[PDB]
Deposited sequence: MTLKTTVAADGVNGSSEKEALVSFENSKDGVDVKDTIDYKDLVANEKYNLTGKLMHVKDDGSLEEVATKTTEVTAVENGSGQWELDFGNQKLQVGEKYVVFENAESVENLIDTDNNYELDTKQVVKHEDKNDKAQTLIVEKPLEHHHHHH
């Protein structure tokens, strides 16, 4: 599985409280990074990690703000931590954003008498506060 924690200008989200960006701290944009704790992957195998920063609307709908894909590798016992840095994002005051993550193995790792499918493990939950930031109103 994947668990994720967003950081907005260094301020972490948690399961009970979104990362808050003050109104003043929003001026120059917001540096958005995400930490990904993974388990039950395949040791030493490479994965394509795609992270998306989604604007969460009041009506529950999403709009993609940013996307980034990097190659990462699982370490010992298929568990460990990765990071994904979206860099500076020019986010809207008053709005809420959430980070989605999708890890897909480069090689076939899952099964016609051969492995034929890539392992996909994702965490795409628009309700997960640990992955969420809010840019505070004045």
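Trainee: Could you name the stretches of the deposited sequence that have no C-alpha atoms in this structure?
Mentor: Model skips 1, 113-115, 143-150 of the deposited chain.
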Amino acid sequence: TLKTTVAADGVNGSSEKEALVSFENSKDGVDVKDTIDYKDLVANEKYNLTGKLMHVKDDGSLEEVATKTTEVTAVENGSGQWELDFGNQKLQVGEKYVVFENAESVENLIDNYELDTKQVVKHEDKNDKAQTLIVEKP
From here on, numbers count along this sequence of modelled residues.
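Trainee: Tell me which stretch has the larger mean Cα B-factor in this entry, 26-34 or 79-87.
Mentor: Between 79-87 and 26-34, it is 26-34 that shows the higher mean C-alpha B-factor.
Trainee: Which is higher on mean Cα B factor in this entry, 56-64 or 98-106?
Mentor: Comparing 98-106 with 56-64, the higher average CA B-factor belongs to 56-64.
Trainee: Sorting the chain's CA B-factors, does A130 end up in the lowest, middle or highest third?
Mentor: Bottom third by C-alpha B-factor.
Trainee: Quick one: classify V42 as lowest, middle or highest third of the chain based on its Cα B-factor.
Mentor: Ranked within chain, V42 CA B lands in the middle tercile.
Trainee: Would you mind ranking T5 by its C-alpha B-factor against the rest of the chain and naming the third, lowest, middle or highest?
Mentor: Lowest third.
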